[PDB]
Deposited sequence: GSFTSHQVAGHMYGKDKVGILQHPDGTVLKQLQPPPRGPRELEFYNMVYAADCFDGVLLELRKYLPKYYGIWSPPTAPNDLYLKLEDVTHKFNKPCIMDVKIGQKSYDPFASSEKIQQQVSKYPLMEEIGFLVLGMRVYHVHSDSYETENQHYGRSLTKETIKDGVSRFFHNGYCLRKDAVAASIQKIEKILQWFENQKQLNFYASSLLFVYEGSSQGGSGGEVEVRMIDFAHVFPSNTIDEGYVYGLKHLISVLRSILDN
């Protein structure tokens, strides 16, 4: 993710087929002449999309120009959570399914995976980052405390940010409850709150594996609900 002139980010297209599919997804959702109510509502929950972008002298080098969802924050605390029971898509080979399940074999049970987090700590004026291996080490036994860490400034548990996150996720859940045209695999939610009350961004990102469907995205729904339940339990801390 690169920064660009302010308020936006450039996301480089992943290698094919992933990049082209993510391009296609944003193009579909933000089609000028789209009057599909499902897709118009979905725009609210994504970064605003400004189209394909390439450097002036490098048409080969393909990015998505996207809203910087952290732009309005002073000291943003950010968590990326992959959502769903399966992070492989409907046309994955046996090798690919195994490859994806082995990255985090608890995906079916938990329905989400923390990809990373960056948390501003007040006491030290510094950031604490967790990588891929943090969330992949979390179990049913440790997921609640694993998620809680995101809302720790090192003075208090930010239950205001936790409650706001639940309320924002609930809207996304409602959108999923009201559509049967897209299924999302290996897609994520980006949570942002202010680390420097109740002010949160939750946006959907990572759309290299979104496919046409004629069913409710049940794995996504499962994950969102479990994530809501975990966040809700954290409000009892």
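- Message: Lining up the deposited sequence with the coordinates, I want the ranges that have no C-alpha atoms.
- Response: Seq positions lacking coordinates: 1-19, 216-220.
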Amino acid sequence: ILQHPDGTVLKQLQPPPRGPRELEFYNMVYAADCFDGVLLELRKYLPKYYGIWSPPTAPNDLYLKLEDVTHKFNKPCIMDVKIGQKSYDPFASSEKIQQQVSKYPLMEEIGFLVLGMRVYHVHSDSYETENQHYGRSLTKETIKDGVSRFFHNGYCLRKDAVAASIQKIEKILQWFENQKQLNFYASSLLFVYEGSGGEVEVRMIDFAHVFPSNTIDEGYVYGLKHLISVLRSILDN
From here on, numbers count along this sequence of modelled residues.
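C-alpha atoms forming the largest set that superposes within 1.5 Å between two forms make up the rigid core.
- How do 184-192 and 167-175 compare in 9 other deposited structures of this protein: which one has C-alphas farther from this form after the rigid core is matched? Higher average C-alpha offset in 9 other deposited structures of this protein goes to 167-175.
- 224-232 against 15-23 - segment lying farther from this form in 9 other deposited structures of this protein (CA RMS, rigid core fit): Relative to the shown form, the greater RMS C-alpha distance in 9 other deposited structures of this protein belongs to 15-23.
- Message: If you take the mean CA temperature factor per stretch, which one wins between 53-61 and 39-47?
- Response: Taking the mean C-alpha B-factor of 39-47 and of 53-61, the larger value falls to 53-61.
- Task: Look up the CA B-factors in the entry and say which stretch, 151-159 or 85-93, has the higher mean.
- Result: The recorded data point to 151-159.
- Query: By the record's CA B-factor, is residue 174 among the lowest, middle or highest third of residues in the chain?
  - Reply: Its C-alpha B-factor, which the entry lists for residue 174, ranks in the middle third among residues of this chain.
- Task: Classify residue 216 as lowest, middle or highest third according to the C-alpha B-factor given in the PDB entry, relative to its own chain.
- Result: Highest third - that is where residue 216 ends up once the chain's C-alpha B-factors are sorted.
- Task: Give the position of residue 29 by CA B-factor within its chain, expressed as the lowest, middle or highest third.
- Result: Its C-alpha B-factor belongs to the middle third of this chain's values.
- Determine, from the deposited record, the chain-internal third of the Cα B-factor for residue 181: lowest, middle or highest. Its C-alpha B-factor belongs to the middle third of this chain's values.
- Task: Relative to the other modelled residues of the same chain, rank the CA B-factor of residue 187 and answer lowest, middle or highest third.
- Result: Its C-alpha B-factor belongs to the lowest third of this chain's values.
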